[PDB]
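*Asks:* Okay, here's the structure, questions in a sec.
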Amino acid sequence: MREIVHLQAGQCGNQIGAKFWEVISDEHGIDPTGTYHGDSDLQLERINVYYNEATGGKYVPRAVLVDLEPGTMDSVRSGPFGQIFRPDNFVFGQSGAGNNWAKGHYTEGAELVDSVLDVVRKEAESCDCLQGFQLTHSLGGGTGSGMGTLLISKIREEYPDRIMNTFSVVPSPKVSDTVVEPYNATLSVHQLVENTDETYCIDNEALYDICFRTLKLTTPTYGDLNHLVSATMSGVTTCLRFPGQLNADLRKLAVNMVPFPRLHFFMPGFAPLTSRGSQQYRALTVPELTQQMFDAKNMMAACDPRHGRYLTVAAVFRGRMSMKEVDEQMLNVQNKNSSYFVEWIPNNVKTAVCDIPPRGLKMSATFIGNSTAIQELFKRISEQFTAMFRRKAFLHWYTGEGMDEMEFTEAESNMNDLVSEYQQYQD
Amino acid sequence: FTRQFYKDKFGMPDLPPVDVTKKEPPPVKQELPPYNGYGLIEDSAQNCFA
Ligand SMILES: Nc1nc2c(ncn2[C@@H]2O[C@H](COP(=O)(O)OP(=O)(O)OP(=O)(O)O)[C@@H](O)[C@H]2O)c(=O)[nH]1
């Protein structure tokens, strides 16, 4: 059987692990305690894609938390579902993060990777056959990056035959708070792209813009943002656990999406986000679903693809649909903007139709498309890295930790290679 | 004056007036479309008013 084991890393890997697991549990009707309260036969039937089953009807989430400072672990513990998490999985260290990618990649992880690897292979043996693992981390976040790079590096050889799905928050272009963030990003992206197959890019500013735009609530919490991103991930997760016509496989998406060996970085978008009065002011029709679905504003990953085009696109829809409406909307979107896609592969769109609705609203969907919409992001990080490195400030800490700049040179080299490859393929 | 004039001259007892007016029930205010699940159970109230 196919199933997935979750990894949450860094002090926002905590963020999202908490929100994501609680959202799924509420979807599946498991109480905060664990005593399953069976009300959806199908999800009871296919709970095994995520959960083992224990005595009396509680279900361990096969998810593992990693951090360094015990306070954050205890906070998430104190969350309404830390009881449904594991004292087993509560592995953690004693040091302070120092928000230091160098220390994380060489000093702090050197005594934690061992134990966490033991735990993860324990769980892998415990279950039958993974499709892979989803890892939620940060690239700008120091210790999340420091851990995750090494973890994926080792698991690469550990299993060369599974799905290393990765989820990463892009630093706010306007501000990274931490000023060594560009340095951490340039350090991380190299091993990240080198080891992974599929990576999700998300930025905080666009979620804030959404909150202004349709949430309009003016008093947001990062928790509300986590609520959104949990729904976002659930959208692509629903396929495996659910019946009906739909190619669920993440490997299916990979072979239908990834044109080249080194194209991995993808940008999400999602479906009706209900405003102040749109609840009773919005008619749920495939036209308007597609209308908002393929819109610049509702996009929330990086930056307007208005500048670029779309290499390829894929869309999954939850609800009672039929093929003709998605088909005809595909015709309309192709004939409307014949230029806005790459001629490089005509009919660059993939569709999927989950029969199962979410619980409460009739029609929803998930968007994911690969485009030339990362050029500006890494060119931004290029200018920042160059401007700060030309005088090599804030570097004596890293010398003390045991670094040198040749790896910085090769990192920026690989990244500029990515820029050139994108530009020469599309442009 | 009329109902005191009648009570002695024509010798008339009390006759109170009868409310000949016409009435209507009241309407009700618009409530909140319930918790969408994505907002805040207290802030979304203020947000979704006007
Ligand atoms: N739950 C939660 N996460 C947050 C919040 N605000 C920011 N985050 C972000 O999550 C990012 C990633 O944290 P980690 O992956 O744990 O980073 P780290 O390697 O442990 O070290 P730091 O970058 O110094 O935090 C941070 O850099 C924050 O920018 C928040 O308010 N709540």
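Quick note on naming: the chains in the structure tokens go A, B, ... in the order shown, residues restart at 1 in each chain, and ligands are numbered from 1 in order of appearance.
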Using only C-alpha atoms, find each residue in chain B having at least one atom no more than 12 Å away from chain A; report its shortest atom-to-atom pair and that distance in Å (one decimal), rows by chain then rising number, as JSON lines.
*Replies:*
```
{"residue": "B:30", "atom": "CA", "partner": "A:277", "partner_atom": "CA", "distance": 11.6}
{"residue": "B:31", "atom": "CA", "partner": "A:277", "partner_atom": "CA", "distance": 11.4}
{"residue": "B:32", "atom": "CA", "partner": "A:277", "partner_atom": "CA", "distance": 9.2}
{"residue": "B:33", "atom": "CA", "partner": "A:279", "partner_atom": "CA", "distance": 7.0}
{"residue": "B:34", "atom": "CA", "partner": "A:279", "partner_atom": "CA", "distance": 9.2}
{"residue": "B:35", "atom": "CA", "partner": "A:360", "partner_atom": "CA", "distance": 10.3}
{"residue": "B:36", "atom": "CA", "partner": "A:274", "partner_atom": "CA", "distance": 7.8}
{"residue": "B:37", "atom": "CA", "partner": "A:227", "partner_atom": "CA", "distance": 9.0}
{"residue": "B:38", "atom": "CA", "partner": "A:227", "partner_atom": "CA", "distance": 7.1}
{"residue": "B:39", "atom": "CA", "partner": "A:224", "partner_atom": "CA", "distance": 6.9}
{"residue": "B:40", "atom": "CA", "partner": "A:224", "partner_atom": "CA", "distance": 8.2}
{"residue": "B:41", "atom": "CA", "partner": "A:217", "partner_atom": "CA", "distance": 11.2}
{"residue": "B:42", "atom": "CA", "partner": "A:217", "partner_atom": "CA", "distance": 10.5}
{"residue": "B:43", "atom": "CA", "partner": "A:217", "partner_atom": "CA", "distance": 6.9}
{"residue": "B:44", "atom": "CA", "partner": "A:217", "partner_atom": "CA", "distance": 6.4}
{"residue": "B:45", "atom": "CA", "partner": "A:276", "partner_atom": "CA", "distance": 9.1}
{"residue": "B:46", "atom": "CA", "partner": "A:217", "partner_atom": "CA", "distance": 8.5}
{"residue": "B:47", "atom": "CA", "partner": "A:217", "partner_atom": "CA", "distance": 5.8}
{"residue": "B:48", "atom": "CA", "partner": "A:276", "partner_atom": "CA", "distance": 4.7}
{"residue": "B:49", "atom": "CA", "partner": "A:276", "partner_atom": "CA", "distance": 7.9}
{"residue": "B:50", "atom": "CA", "partner": "A:276", "partner_atom": "CA", "distance": 9.0}
```
*Asks:* Please check which protein, DNA or RNA residues sit within 7 Å of ligand 1, counting only C-alpha atoms and all ligand atoms, and write them as a list in words.
*Replies:*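 Taking only C-alpha atoms and all ligand atoms into account, the residues around ligand 1 at most 7 Å away are residues 9, 10, 11, 12, 13, 14, 15, 16, 67, 97, 98, 99, 100, 101, 137, 138, 140, 141, 142, 143, 144, 145, 146, 222 and 223 of chain A.
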*Asks:* Could the residues in this selection be written to a file with N, CA and C atoms, as a compact mmCIF listing (two decimals), in the first residue's frame?
*Replies:*
```txt
# COMPACT_ATOMS: atom_id res chain seq x y z
N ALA A 9 10.37 20.66 10.12
CA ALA A 9 11.69 21.11 10.52
C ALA A 9 11.74 22.63 10.63
N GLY A 10 12.43 23.10 11.66
CA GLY A 10 12.61 24.51 11.89
C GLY A 10 11.48 25.13 12.70
N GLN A 11 11.69 26.39 13.10
CA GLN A 11 10.70 26.95 14.01
C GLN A 11 9.42 27.38 13.29
N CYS A 12 9.38 27.26 11.96
CA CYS A 12 8.16 27.35 11.16
C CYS A 12 7.75 26.00 10.59
N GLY A 13 8.69 25.06 10.50
CA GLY A 13 8.27 23.68 10.32
C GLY A 13 7.34 23.28 11.44
N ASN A 14 7.64 23.74 12.66
CA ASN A 14 6.67 23.68 13.74
C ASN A 14 5.37 24.38 13.36
N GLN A 15 5.48 25.60 12.80
CA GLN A 15 4.30 26.43 12.55
C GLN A 15 3.29 25.54 11.83
N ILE A 16 3.74 25.12 10.65
CA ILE A 16 2.90 24.51 9.65
C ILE A 16 2.56 23.10 10.02
N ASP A 67 13.79 20.23 15.89
CA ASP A 67 14.10 21.61 16.25
C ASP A 67 15.37 21.59 17.08
N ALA A 97 19.95 27.91 18.44
CA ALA A 97 20.03 27.96 16.99
C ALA A 97 21.12 28.93 16.53
N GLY A 98 21.14 30.13 17.10
CA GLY A 98 22.05 31.16 16.64
C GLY A 98 21.67 31.64 15.25
N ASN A 99 20.53 31.15 14.76
CA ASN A 99 20.04 31.45 13.41
C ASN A 99 21.16 31.29 12.39
N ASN A 100 21.99 30.27 12.58
CA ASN A 100 23.27 30.14 11.90
C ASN A 100 23.25 28.93 10.98
N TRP A 101 23.20 29.18 9.67
CA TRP A 101 23.23 28.09 8.71
C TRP A 101 24.52 27.29 8.82
N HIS A 137 9.86 23.04 5.66
CA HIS A 137 11.01 23.72 6.24
C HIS A 137 11.03 25.16 5.76
N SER A 138 12.14 25.85 6.01
CA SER A 138 12.40 27.18 5.49
C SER A 138 13.76 27.21 4.82
N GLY A 140 15.18 30.47 4.00
CA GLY A 140 15.73 31.59 4.74
C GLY A 140 15.92 31.32 6.21
N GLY A 141 14.99 30.59 6.83
CA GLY A 141 15.13 30.19 8.22
C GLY A 141 16.42 29.43 8.44
N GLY A 142 17.18 29.82 9.46
CA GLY A 142 18.53 29.29 9.60
C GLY A 142 18.56 27.80 9.85
N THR A 143 18.10 27.37 11.03
CA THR A 143 18.33 25.98 11.41
C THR A 143 17.48 25.03 10.59
N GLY A 144 16.29 25.45 10.16
CA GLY A 144 15.53 24.63 9.25
C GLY A 144 16.32 24.28 8.00
N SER A 145 16.96 25.29 7.40
CA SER A 145 17.80 25.04 6.24
C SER A 145 18.98 24.15 6.60
N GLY A 146 19.67 24.48 7.70
CA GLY A 146 20.86 23.72 8.08
C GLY A 146 20.56 22.25 8.28
N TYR A 222 -0.32 35.01 11.80
CA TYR A 222 0.44 34.05 11.03
C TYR A 222 -0.28 32.72 11.08
N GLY A 223 -1.04 32.49 12.16
CA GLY A 223 -1.91 31.32 12.24
C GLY A 223 -2.97 31.27 11.17
```
*Asks:* Applying 10 Å and only C-alpha atoms, which residues near residue 127 of chain A remain after dropping the ones on its own chain fewer than 5 positions away? List them as an mmCIF file with N, CA and C atoms, in the first residue's frame.
*Replies:*
```cif
data_model
loop_
_atom_site.group_PDB
_atom_site.id
_atom_site.type_symbol
_atom_site.label_atom_id
_atom_site.label_comp_id
_atom_site.auth_asym_id
_atom_site.auth_seq_id
_atom_site.Cartn_x
_atom_site.Cartn_y
_atom_site.Cartn_z
ATOM 1 N N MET A 1 0.846 -1.186 0.000
ATOM 2 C CA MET A 1 0.000 0.000 0.000
ATOM 3 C C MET A 1 0.885 1.242 0.000
ATOM 4 N N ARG A 2 0.364 2.335 -0.543
ATOM 5 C CA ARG A 2 1.087 3.591 -0.657
ATOM 6 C C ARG A 2 0.715 4.505 0.501
ATOM 7 N N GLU A 3 1.723 5.115 1.124
ATOM 8 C CA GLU A 3 1.512 5.975 2.280
ATOM 9 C C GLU A 3 2.662 6.964 2.400
ATOM 10 N N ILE A 4 2.472 7.965 3.257
ATOM 11 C CA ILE A 4 3.392 9.090 3.378
ATOM 12 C C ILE A 4 3.683 9.358 4.849
ATOM 13 N N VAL A 5 4.942 9.684 5.144
ATOM 14 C CA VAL A 5 5.399 10.043 6.483
ATOM 15 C C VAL A 5 5.893 11.483 6.442
ATOM 16 N N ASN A 48 -5.153 4.853 6.030
ATOM 17 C CA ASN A 48 -3.815 4.280 6.139
ATOM 18 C C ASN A 48 -2.778 5.002 5.289
ATOM 19 N N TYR A 51 -2.009 7.402 8.350
ATOM 20 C CA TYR A 51 -2.050 7.054 9.759
ATOM 21 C C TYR A 51 -1.958 5.549 9.966
ATOM 22 N N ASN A 52 -1.119 5.148 10.915
ATOM 23 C CA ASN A 52 -1.249 3.832 11.516
ATOM 24 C C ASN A 52 -2.470 3.819 12.425
ATOM 25 N N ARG A 62 2.088 9.576 11.592
ATOM 26 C CA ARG A 62 3.474 9.229 11.321
ATOM 27 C C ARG A 62 4.208 10.477 10.856
ATOM 28 N N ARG A 121 14.101 5.814 9.662
ATOM 29 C CA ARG A 121 14.142 4.469 9.097
ATOM 30 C C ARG A 121 13.353 3.484 9.944
ATOM 31 N N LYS A 122 13.242 3.726 11.252
ATOM 32 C CA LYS A 122 12.342 2.919 12.066
ATOM 33 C C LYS A 122 10.923 2.996 11.525
#
```
*Asks:* Within 10 Å of segment 290-302 of chain A, which residues of segment 149-242 of chain A show up? Give each one with its shortest atom-to-atom distance in Å (one decimal) and the two atoms involved, counting only C-alpha atoms, rows by chain then rising residue number, as JSON lines.
*Replies:*
```
{"residue": "A:169", "atom": "CA", "partner": "A:301", "partner_atom": "CA", "distance": 9.2}
{"residue": "A:170", "atom": "CA", "partner": "A:302", "partner_atom": "CA", "distance": 7.9}
{"residue": "A:171", "atom": "CA", "partner": "A:302", "partner_atom": "CA", "distance": 9.8}
{"residue": "A:172", "atom": "CA", "partner": "A:302", "partner_atom": "CA", "distance": 9.2}
{"residue": "A:173", "atom": "CA", "partner": "A:302", "partner_atom": "CA", "distance": 9.2}
{"residue": "A:200", "atom": "CA", "partner": "A:301", "partner_atom": "CA", "distance": 8.8}
{"residue": "A:201", "atom": "CA", "partner": "A:301", "partner_atom": "CA", "distance": 6.2}
{"residue": "A:202", "atom": "CA", "partner": "A:301", "partner_atom": "CA", "distance": 4.7}
{"residue": "A:203", "atom": "CA", "partner": "A:301", "partner_atom": "CA", "distance": 5.6}
{"residue": "A:204", "atom": "CA", "partner": "A:301", "partner_atom": "CA", "distance": 8.4}
{"residue": "A:205", "atom": "CA", "partner": "A:300", "partner_atom": "CA", "distance": 8.3}
{"residue": "A:206", "atom": "CA", "partner": "A:300", "partner_atom": "CA", "distance": 4.8}
{"residue": "A:207", "atom": "CA", "partner": "A:300", "partner_atom": "CA", "distance": 6.0}
{"residue": "A:208", "atom": "CA", "partner": "A:300", "partner_atom": "CA", "distance": 9.1}
{"residue": "A:209", "atom": "CA", "partner": "A:300", "partner_atom": "CA", "distance": 8.2}
{"residue": "A:210", "atom": "CA", "partner": "A:298", "partner_atom": "CA", "distance": 7.0}
{"residue": "A:213", "atom": "CA", "partner": "A:297", "partner_atom": "CA", "distance": 8.6}
{"residue": "A:214", "atom": "CA", "partner": "A:298", "partner_atom": "CA", "distance": 9.0}
```
*Asks:* Any chance you could export the current selection's C-alpha atoms as a short mmCIF file (atom, residue, chain, number, x, y, z; two decimals), in the first residue's frame?
*Replies:*
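Saved result, out32.cif, follows:
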```
data_model
loop_
_atom_site.label_atom_id
_atom_site.label_comp_id
_atom_site.auth_asym_id
_atom_site.auth_seq_id
_atom_site.Cartn_x
_atom_site.Cartn_y
_atom_site.Cartn_z
CA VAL A 169 9.02 29.58 2.37
CA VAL A 170 10.63 32.25 0.19
CA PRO A 171 12.04 35.21 2.15
CA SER A 172 9.98 38.37 1.83
CA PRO A 173 11.74 40.42 -0.88
CA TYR A 200 7.16 24.36 -3.34
CA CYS A 201 7.99 28.07 -3.22
CA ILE A 202 5.85 30.29 -0.97
CA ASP A 203 6.32 33.89 0.19
CA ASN A 204 4.71 35.74 3.09
CA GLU A 205 4.01 39.03 1.30
CA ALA A 206 1.56 37.52 -1.16
CA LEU A 207 -0.38 35.83 1.63
CA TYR A 208 -0.57 39.22 3.34
CA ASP A 209 -1.84 40.69 0.06
CA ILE A 210 -4.52 37.98 -0.09
CA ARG A 213 -7.68 41.50 -0.78
CA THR A 214 -10.34 38.88 -0.07
#
```
*Asks:* Excluding same-chain residues fewer than 6 positions from segment 407-418 of chain A, what lies within 10 Å of it counting only C-alpha atoms, as a list in words?
*Replies:*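 The contact residues come out as residues 183, 185, 186, 187, 188, 189, 190, 191, 193, 194, 262, 263, 374, 375, 378, 379, 381, 382, 385, 386, 389 and 424 of chain A.
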